[PDB]
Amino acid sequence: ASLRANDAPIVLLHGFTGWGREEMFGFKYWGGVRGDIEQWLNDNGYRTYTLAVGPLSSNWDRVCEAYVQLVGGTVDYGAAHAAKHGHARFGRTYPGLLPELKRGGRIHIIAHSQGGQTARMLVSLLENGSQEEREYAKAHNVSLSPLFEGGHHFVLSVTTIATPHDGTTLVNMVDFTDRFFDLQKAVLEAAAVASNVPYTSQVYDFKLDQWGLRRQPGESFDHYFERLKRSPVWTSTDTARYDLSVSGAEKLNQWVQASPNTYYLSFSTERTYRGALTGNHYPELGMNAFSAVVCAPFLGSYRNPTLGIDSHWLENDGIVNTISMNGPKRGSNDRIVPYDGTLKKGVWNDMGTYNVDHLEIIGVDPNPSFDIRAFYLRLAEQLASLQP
């Protein structure tokens, strides 16, 4: 084995789709059709909790919501940020899953997809806060969340799985808007939830209290998504959509840097093959059907030489280009090193590339030759082994 060297709990964080345990009739994002990842970890002695933040919201907003769900309180988005983007300053209120974070407890965050951007941004906020929010607060005389002060530190490690640290070219597809929401619908269907029914109960809450957006009594997911597509959580720059783009991701990278206090681990995925006498990449047998028909072919061919989107960008997992996943590179100075058997603090420990697609790595799409329980249990044992 490795020997347990820390007792930090694990916290799970989803991407641009995702929801809590009570949502979606209980079908879990972390485990999908394969079972319940949190429960398996807990059952094996690794305390684990799950976060639910806005799937379409910006990394900043998600990071504010996460802090509040972890420590307890009302989501405070920052008076400056909120004035700039025109949404409320305050979101929902949470009991707090781990109030010991205020007195020295720490955590391990395991994040999938965009969750990896959100996790990085939370560590950077904890540590350095935000100069702009500090200055706005005193100038306008309003209160200020401790999150924007800096000098807090409570994340021992961040692990990212299939994260677009450098963006994904998928956002450059012509009909990206309609295709992105058809993807949402496909994930709904993997969970046995219909997109043409006005469910009285909520089932998938987008957490859009700040923008005043809420599914209406009598409205289906089809109709809701048509409104979301025309609303600020899709058309502004304060969105997941902007942060997912190669250029948006680079801007985030310019200010969200690795902390020397925190171990970073990265997992990459791929599920494509290289075509004959082309550099193009094509979806492998078994890739989730939606991505195989709709996303994988564009991802495996779109090039932009002027921007450095070359041959190495075409390999993908059906949603994100594989090269984007080992850690932030564009607009960043973080260091990335191949895992060599000893994890190191303050740099990206590239744990390699797995032959599994974007939704398979979380159980949402089946893949019987992928032993997902062993993957997560082994990751938990490594996290458990990190020196404090």
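All residue numbers refer to positions in the sequence shown, first residue = 1.
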Task: Of 87-95 and 282-290, the stretch whose C-alpha atoms average the higher B-factor in the entry - done: 282-290
- [ ] Give the stretch, out of 337-345 and 351-359, with the larger mean C-alpha temperature factor in the deposited entry.
- [x] 337-345
- [ ] Using the entry's values, work out which of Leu265, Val71, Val174, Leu122 has the largest Cα B factor.
- [x] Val174
Task: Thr118, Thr239, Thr306, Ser113, ranked by C-alpha B-factor: the highest one - done: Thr306
Task: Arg330 - which third its CA temperature factor falls in, relative to the rest of the chain - done: highest
Open item on the list: Using only modelled residues of the chain, where does the Cα B factor of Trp255 rank: lowest third, middle third or highest third?
Closed with: highest
Task: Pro232 - which third its CA temperature factor falls in, relative to the rest of the chain - done: middle
Open item on the list: Please say which third, lowest, middle or highest, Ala137 falls into when its CA temperature factor is compared across its chain.
Closed with: highest
Open item on the list: By the recorded C-alpha temperature factor, relative to the other modelled residues in its chain, which third is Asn44 in?
Closed with: highest
